[PDB]
Structures are given as C-alpha cells and as structure tokens.
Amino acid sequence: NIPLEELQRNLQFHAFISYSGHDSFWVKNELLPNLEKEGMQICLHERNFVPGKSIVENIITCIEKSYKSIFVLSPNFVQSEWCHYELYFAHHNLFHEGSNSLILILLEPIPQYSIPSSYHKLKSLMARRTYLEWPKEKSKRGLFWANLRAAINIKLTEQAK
C-alpha cells in the first residue's frame, strides 16, 4: 500500500478510523485486523489520543496525520458520533463532496428517522451515494475488503485551481 515515506507531506498513518464504541466488536475484530495485518498504520483517537487536549483536537489531529479518513457509519455513529463533525464541518471545510479524502463505510443501514434534520453535511455526504456497504452475504466479503484497501491506497485528488 501507499509508502507513507515517498509521500510529499509527512503523514504518520494510512488512515484514521472514526467509529462508535457500540460498533467496537466489529472494528476491533473485523476492520482493524483485516487492515493492520497487511502493514497499514491506522490512527484511533482512542489509542493514538493525547492527554490534555479536547476531544475535537484529538480527532482533528488524526485527520491531519493520516492519508485518508474512514467513517464507520451506522445508527450508533449518527446517534453518538456524528455531532462532532456536523458541528466542525460547519465552521471549517475539510472533506469535499466527491474527493478521495473521506471513505464512508455503511456498516448498518441508517433509518431516515434517526438523522436529525440539523445534520446537513451528513445527509449531503450520504446523498452522493459513495459509501462502501458491509455485505450481508458472507460470500460478498473480501470484495468489500478489496474495495476498502483500494479506497485507502487510491491517490488523493489535487486542488485544481
């Protein structure tokens, strides 16, 4: 995968994984090992956190030090994790709509009723319909992982003009 060294900037991780503690068993047993077991460096604001910093600072710090950002979407993420971003993306611009920067993983479908109308950047991001979906068919996995590593190692888009 991407050789963090040979990269322009001095990034410390291939990706930052943002999830909800509720989805912990899957991240810890499915996502992380199928990613780390293959040489990648992931930041978890929990493991790679820093004492004496706000929650937002730890997050905004991992986004910066890692090539890509992965969001494990689910009702629990929307429920207990998305505010931080909706609030941030409000007075800041970091993840465009269509770029390569953000990877959205749809771990569990999210009913339209659990999405506070106030969550604009979330509905938007979702609108573009580009998230990877955790397959129900065990058979369709591996295809997910492939698309996932592909998503991480794909090259970032430029700044155009």
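Numbering starts at 1 and follows the sequence shown.
Chemist: Per the PDB record, is the mean Cα temperature factor higher over 143 to 151 or over 5 to 13?
Modeler: Mean CA B-factor is higher for 5 to 13.
Chemist: For the stretches 101 to 109 and 42 to 50, which has the higher mean C-alpha B-factor as given in the deposited record?
Modeler: The deposited B-factors put 42 to 50 ahead on the C-alpha mean.
Chemist: Specify which of 65, 68, 28, 120 carries the largest Cα B factor in the deposited PDB entry.
Modeler: Checking the PDB record, the top C-alpha B-factor among 65, 68, 28, 120 is at 120.
Chemist: With respect to C-alpha B-factor, does residue 90 fall in the lowest, middle or highest third of the chain as deposited?
Modeler: Ranked within chain, residue 90 CA B lands in the highest tercile.
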